[PDB]
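Engineer:
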Amino acid sequence: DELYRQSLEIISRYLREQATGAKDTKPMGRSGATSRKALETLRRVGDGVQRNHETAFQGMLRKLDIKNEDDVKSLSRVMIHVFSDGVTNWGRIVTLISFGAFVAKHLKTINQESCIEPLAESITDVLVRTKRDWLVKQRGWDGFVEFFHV
Ligand SMILES: COCCn1c(C(=O)O)cc2cc(C)cc(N3C[C@@H](C)n4c(c(CCCOc5cc(C)c(Cl)c(C)c5)c5ccc(Cl)c(-c6c(C)nn(C)c6C)c54)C3=O)c21
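Using PDB author numbering, you'd call the opening residue of the sequence shown number 172 and step up by one each time.
#1: First and last residue of the alpha helix (DSSP H) that includes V265?
#2: Given a cut-off of 8 Å, decide if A272 and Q177 are closer than it, judged by their beta-carbon atoms.
#3: Any contact of the stretch 223-243 with the stretch 268-283, i.e. 3+ C-beta pairs under 8 Å?
#4: If you follow the alpha helix (DSSP H) that residue 167 is in, where does it begin and where does it stop?
#5: Please tell me whether, using a cut-off of 7 Å, the distance from the CB of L278 to the nearest non-hydrogen atom of ligand 1 is below it.
#6: Whose CA, out of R300, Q221, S247, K197, lies closest to the CA of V265?
#7: Tell me whether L179 counts as near ligand 1, meaning its Cβ is closer than 7 Å to at least one heavy atom of that ligand.
#8: Following the continuous alpha helix (DSSP H) through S178, name the residue where it begins and the one where it ends.
#9: Between which two residues does the alpha helix (DSSP H) carrying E292 extend?
Below, the structure written as structure tokens:
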């Protein structure tokens, strides 16, 4: 319903902005405040996650050997495997998206900007499908911004 659309808007905006390598502060949609604040939080926490896990991110990127949109279509399986284990929390969700931004920068490097939208959708699809009930219990992105945004 609303949860998918809002998630996709947040994730797509962050991956896109990360790939161009400058912030975009165009406002969001109707639920403008929450989505804006979630995006600001992703910039802060997400950028730190990428720095912290530079090595593992780099090693994993290399093993994924991404070239084109067909590869992008084939990322979902490893993504699901690595994320749908065990504990759910917002830090883990930021880690999933942060790895998404890391790949999106690579896609830019190899002139595969067309793939960034499919990537974001694939991330959103996995997030909302596997964690729907938990996300609803937290009041979704409101729960994220309420407690994590500074
Ligand atoms: C130890 O953690 C087990 C899993 N886990 C549990 C739990 O209970 O299982 C709780 C918990 C809490 C947090 C905050 C984080 C983790 N992690 C820590 C590690 C295991 N991770 C996690 C993620 C996020 C989920 C997948 O995102 C993806 C996103 C995209 C766009 C693609 Cl295309 C793909 C293929 C994957 C990682 C992403 C990349 C790497 Cl490179 C590592 C990564 C790092 C870093 N080091 N190494 C060796 C790898 C392989 C990742 C994760 O969710 C947690």
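Just so you know, even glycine gets a beta-carbon here, dropped at the ideal spot from N, CA and C.
Structural biologist: With the structure as the only source:
#1: Along the sequence shown, one-based indexing puts residue 265 at 94. Here the alpha helix (DSSP H) through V265 covers 261-280.
#2: What you label residue 177 is simply residue 6 of the sequence shown in a count that begins at 1. What you label residue 272 is simply residue 101 of the sequence shown in a count that begins at 1. No, Cβ-Cβ distance for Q177 and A272 is not below 8 Å.
#3: yes
#4: With the chain running from 172 to 321 in the structure shown, residue 167 is simply not present.
#5: By 1-based counting over the sequence shown, the position of residue 278 is 107. Because no heavy atom of ligand 1 lies under 7 Å away, the Cβ of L278 does not count as near it: no.
#6: For the purposes of this step, residue 265 is identified with residue 94 of the sequence shown, where counting begins at 1. Nearest of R300, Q221, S247, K197 to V265, Cα basis: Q221.
#7: Translated into positions along the sequence shown, residue 179 becomes position 8. Closer than 7 Å to some heavy atom of ligand 1: that does not describe the Cβ of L179.
#8: Position 7 of the sequence shown holds residue 178. Where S178 is concerned, the enclosing alpha helix (DSSP H) stretches over 173-191.
#9: Within the sequence shown, residue 292 is the residue found at index 121, counting from 1. 287-308 is the span of the alpha helix (DSSP H), which, as asked, contains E292.
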